[PDB]
Every structure is written in C-alpha cells, then in structure tokens.
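Beneath this line is the structure, given in structure tokens, with notes to follow.
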Amino acid sequence: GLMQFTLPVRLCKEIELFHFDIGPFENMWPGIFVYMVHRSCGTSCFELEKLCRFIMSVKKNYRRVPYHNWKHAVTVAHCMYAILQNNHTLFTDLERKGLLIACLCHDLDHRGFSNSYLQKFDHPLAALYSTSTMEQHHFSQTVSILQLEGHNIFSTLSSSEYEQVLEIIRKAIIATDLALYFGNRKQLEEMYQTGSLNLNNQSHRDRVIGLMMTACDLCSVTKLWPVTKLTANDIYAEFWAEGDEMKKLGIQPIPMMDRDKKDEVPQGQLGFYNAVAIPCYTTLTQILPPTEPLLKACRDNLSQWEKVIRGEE
Ligand SMILES: COCCN(C)C(=O)c1cnn(C)c1C(=O)Nc1ccn2cc(-c3ccccc3)nc2c1
Ligand SMILES: [Mg+2]
Ligand SMILES: [Zn+2]
C-alpha cells in the first residue's frame, strides 16, 4: 500500500519522455511497468501481488523471437504511458486500467510471422480466426492468463465494469492489426476535418484508442536514431525468416521479406514512414496535441533514412 516503486534518477526522469528506451536489463522491465501503472492509474487500481503474478505469466507467454518479444510488449506499454500522462484529463478510470494492460498483452504468444503467412501455411489459427488472425489469438491469450488462479487483476470491478474493461482491451488489441489502421485513420481524418469528432461518442473514442494503439505499436520510429536503426534490424530478422518460410512453401515473398532485397531497405523505410507512420502521428497530434513529440521524432527519423539513401550514412 505505502510501497511505491522508484527508479534511478535518469530513468525516473527519462521514463516520462516519449523517446525513452527501456534498456537491456530485462529484470528491470516488470518494475518499469508497475511504476507506470502506479503513476498512470494509481497504487490502488491493482493488488500488487496479483499484478506481479499477471506480469510474470504475460512475460512467460511471449516467445524468444527477434522483434515480437517481451521487450516490444513493455516498449509499447511505455509509449501508451507517455500518451496517457500527457493527456491526464481525457481518459476514464477504466481506460487507464485497460490500456497499459492491452499494450503489455497485445502480441502475446506471437510466433514472428504475419497473418498472411499463417493463412498461406494453413495454420490452425487461420481457420479459428479468419481476419486479424494473430490479434484475436493475442486477445484469447490475455483472457486465458486473466483466468489463471490469483491472476484476476480486475477482481474488484463490477460485472459491467469488468465487461467494459475487457472490451477496451479486445478493441485495443484488434486495432493493432495494421490492415485495419488505414481505414481507421481515414475516418478519423474526415471526422476531425469536418468537425464531427466527438469524444463523448463511444464509437469515436474507440477509433481514437485504436489510433493510440497503432502509434504505440509503431513507436520504434519515434526513438533516438540509434534505437530506431537497431530496432529495424530485429524487425527485418523476423521479416526475412518469414520470407525464407514463404520460399519453403514455394511462394516468392514480398521484397520486405526477401533477404536478397536487403539493398532496398532504406527506400522501403521511406514508404513506411510516408504511408503509415507520419500519417499516424500527424492525425494523433491533431486529436491529442500533447503527443506532438512523437510526430517530431518520426519526422527526424524519416530525415535519417533520407540521409542513408544519399550515402551520408
Ligand atoms: C504492426 O507491425 C509490426 C512490425 N511491422 C509489421 C511493421 O511494419 C513495422 C513496425 N515498425 N516498423 C519500423 C515497421 C517496418 O519497418 N515496416 C516496414 C513496412 C514496409 N516495408 C517495406 C520494406 C521494404 C524493404 C525492402 C525492400 C522493399 C520494401 N520495408 C518495410 C518495413
Ligand atoms: Mg501484433
Ligand atoms: Zn506489436
């Protein structure tokens, strides 16, 4: 109850900034998350013992893959923490509880492969979940862990508040399917530009939380350049393994997944910044002005990939 988590001074300060890197000390990441729940939500929103037990079972259900691993879960939660802390009054009590949990759980049991590859492989998950295949699985794994004995961190909510929190989590995790981001962001662009955007409308709040999810999920593009560049190596380690597995099913992979087209990464990064990331952070900044540092850092990283192409690195 009177047991605050405290970080060393440098982390205490930098954890409040959008561009914080959680560091290479895995054993500090649970403490970093609890710190963030305690400041974002309150020391009372979860029983510490149940929260620690939930965090450790979540960690165990992330796999040893290059990118979609436990470090990604905690990194995405931190980006959400920074959004929430910069927008203190915009979010409900249930939202603050659900959203850091959603981010921690949003890639549970990821195997390092896309929805596309599961469907070409004919994986059993592609028969159970015909769209947003991995994202429905990540949600199913979150509910499984919530039901383990002594892992119900929501045990003190009413029936209807529990239903509401699990719905915020389900929609927040589904929204991390980038296939859904394009049309979510177009509707938010139109809604904002015609002045129809209404944060009392639940279906509008859902769209805004969806965009916050894409923003936190893609947040490697918002870090200092060496973090961005080193994270991209892990991203391609996965893409290129998927490509290899496409070649084993007799399917030429897309160039993004073909390690033989390593050469064209820089231009592929530009496309991604221009088509996905910059538009994501631009619309987020229109809706939630205090998130502007995410857009500014993304633009800085776009300029770094432009320097790589000009062989200035
Ligand atoms: C939520 O997603 C989770 C991870 N995923 C899926 C990401 O997309 C993602 C997340 N963060 N970042 C930075 C990325 C990322 O790098 N994306 C892309 C997207 C298209 N490309 C096309 C080419 C390319 C390469 C070589 C040749 C031609 C094209 N390279 C890319 C890279
Ligand atoms: Mg995912
Ligand atoms: Zn993710």
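The way I read the labels, and the way they are meant: chains A, B, ... in the order of the structure tokens, residue 1 as the first residue of every chain, and ligand 1 as the first ligand shown, with later ones counted on from there.
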Considering only C-alpha atoms, return as JSON, numbers by chain whatever protein or nucleic-acid residues lie within 12 Å of region 128-130 of chain A, sequence-local ones (same chain, fewer than 2 positions apart) excluded.
{"A": [115, 116, 118, 119, 122, 123, 124, 125, 126, 132, 133, 134, 135, 136, 137, 138, 139, 140, 174]}
With 12 Å as the cut-off and only C-alpha atoms and all ligand atoms counted, what is the closest atom pair between each nearby residue of chain A and ligand 2? Distances in Å to one decimal, ordered by chain and number, as a tab-separated table.
```
residue	atom	partner	partner_atom_place_in_ligand_line	distance
A:62	CA	ligand 2	1 (Mg)	11.7
A:67	CA	ligand 2	1 (Mg)	10.4
A:68	CA	ligand 2	1 (Mg)	7.4
A:69	CA	ligand 2	1 (Mg)	10.3
A:72	CA	ligand 2	1 (Mg)	9.8
A:73	CA	ligand 2	1 (Mg)	9.6
A:76	CA	ligand 2	1 (Mg)	10.6
A:102	CA	ligand 2	1 (Mg)	11.4
A:103	CA	ligand 2	1 (Mg)	9.9
A:104	CA	ligand 2	1 (Mg)	11.1
A:105	CA	ligand 2	1 (Mg)	9.7
A:106	CA	ligand 2	1 (Mg)	6.3
A:107	CA	ligand 2	1 (Mg)	4.7
A:108	CA	ligand 2	1 (Mg)	8.4
A:109	CA	ligand 2	1 (Mg)	9.9
A:110	CA	ligand 2	1 (Mg)	7.4
A:111	CA	ligand 2	1 (Mg)	10.2
A:112	CA	ligand 2	1 (Mg)	9.4
A:113	CA	ligand 2	1 (Mg)	9.6
A:114	CA	ligand 2	1 (Mg)	8.5
A:115	CA	ligand 2	1 (Mg)	9.4
A:132	CA	ligand 2	1 (Mg)	9.3
A:133	CA	ligand 2	1 (Mg)	9.8
A:134	CA	ligand 2	1 (Mg)	6.9
A:135	CA	ligand 2	1 (Mg)	6.2
A:136	CA	ligand 2	1 (Mg)	10.0
A:137	CA	ligand 2	1 (Mg)	10.0
A:138	CA	ligand 2	1 (Mg)	8.0
A:139	CA	ligand 2	1 (Mg)	10.6
A:172	CA	ligand 2	1 (Mg)	11.0
A:173	CA	ligand 2	1 (Mg)	7.9
A:174	CA	ligand 2	1 (Mg)	8.7
A:175	CA	ligand 2	1 (Mg)	9.2
A:176	CA	ligand 2	1 (Mg)	5.6
A:177	CA	ligand 2	1 (Mg)	6.3
A:178	CA	ligand 2	1 (Mg)	8.2
A:179	CA	ligand 2	1 (Mg)	10.9
A:180	CA	ligand 2	1 (Mg)	11.9
A:213	CA	ligand 2	1 (Mg)	10.2
A:214	CA	ligand 2	1 (Mg)	9.6
A:216	CA	ligand 2	1 (Mg)	11.2
A:217	CA	ligand 2	1 (Mg)	7.7
A:218	CA	ligand 2	1 (Mg)	10.0
```
Quick one: of A:229, A:64, A:220, A:195, who's nearest to ligand 3, counting only C-alpha atoms and all ligand atoms?
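Once distances to ligand 3 are computed over only C-alpha atoms and all ligand atoms, the minimum belongs to A:220.
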Closest of A:270, A:187, A:164, A:283 to residue 93 (chain A) - atom-to-atom distances counting only C-alpha atoms:
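Of A:270, A:187, A:164, A:283, the one nearest residue 93 (chain A), counting only C-alpha atoms, is A:164.
Nearest residue to ligand 3, choosing from A:307, A:223, A:71, A:296 and counting only C-alpha atoms and all ligand atoms: A:71.
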Could you report the residues within 7 Å of ligand 1, using only C-alpha atoms and all ligand atoms, as a PyMOL selection string?
chain A and resi 176-178+217-218+220-221+232+235+255-256+261-262+264-265+267-269+271-272
Using only C-alpha atoms, determine which residues lie at most 9 Å from residue 300 (chain A), disregarding the query and same-chain residues fewer than 3 positions distant; provide the list as a VMD selection string.
chain A and resid 222 224 to 225 295 to 297 303 to 304
Write the residues you've just listed into a file as a PDB file, in the first residue's frame, and include N, CA and C atoms for each of them.
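Result file is result.pdb:
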```pdb
ATOM      1  N   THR A 222       9.884   6.548 -33.385  1.00  0.00           N
ATOM      2  CA  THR A 222       9.799   7.767 -32.562  1.00  0.00           C
ATOM      3  C   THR A 222      10.970   7.840 -31.576  1.00  0.00           C
ATOM      4  N   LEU A 224      15.271   7.758 -30.483  1.00  0.00           N
ATOM      5  CA  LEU A 224      16.533   8.337 -30.998  1.00  0.00           C
ATOM      6  C   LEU A 224      17.005   7.409 -32.101  1.00  0.00           C
ATOM      7  N   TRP A 225      17.683   7.984 -33.093  1.00  0.00           N
ATOM      8  CA  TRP A 225      18.006   7.263 -34.336  1.00  0.00           C
ATOM      9  C   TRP A 225      18.713   5.924 -34.058  1.00  0.00           C
ATOM     10  N   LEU A 295       5.373  12.813 -33.313  1.00  0.00           N
ATOM     11  CA  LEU A 295       5.429  13.193 -34.752  1.00  0.00           C
ATOM     12  C   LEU A 295       6.805  13.807 -35.071  1.00  0.00           C
ATOM     13  N   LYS A 296       7.303  14.616 -34.158  1.00  0.00           N
ATOM     14  CA  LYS A 296       8.559  15.356 -34.407  1.00  0.00           C
ATOM     15  C   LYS A 296       9.684  14.313 -34.502  1.00  0.00           C
ATOM     16  N   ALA A 297       9.663  13.308 -33.631  1.00  0.00           N
ATOM     17  CA  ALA A 297      10.733  12.271 -33.629  1.00  0.00           C
ATOM     18  C   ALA A 297      10.617  11.385 -34.862  1.00  0.00           C
ATOM     19  N   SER A 303      14.056  11.753 -41.839  1.00  0.00           N
ATOM     20  CA  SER A 303      15.198  12.514 -42.419  1.00  0.00           C
ATOM     21  C   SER A 303      16.472  11.686 -42.326  1.00  0.00           C
ATOM     22  N   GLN A 304      16.656  10.910 -41.242  1.00  0.00           N
ATOM     23  CA  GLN A 304      17.813   9.951 -41.128  1.00  0.00           C
ATOM     24  C   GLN A 304      17.784   8.877 -42.240  1.00  0.00           C
TER      25      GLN A 304
END
```
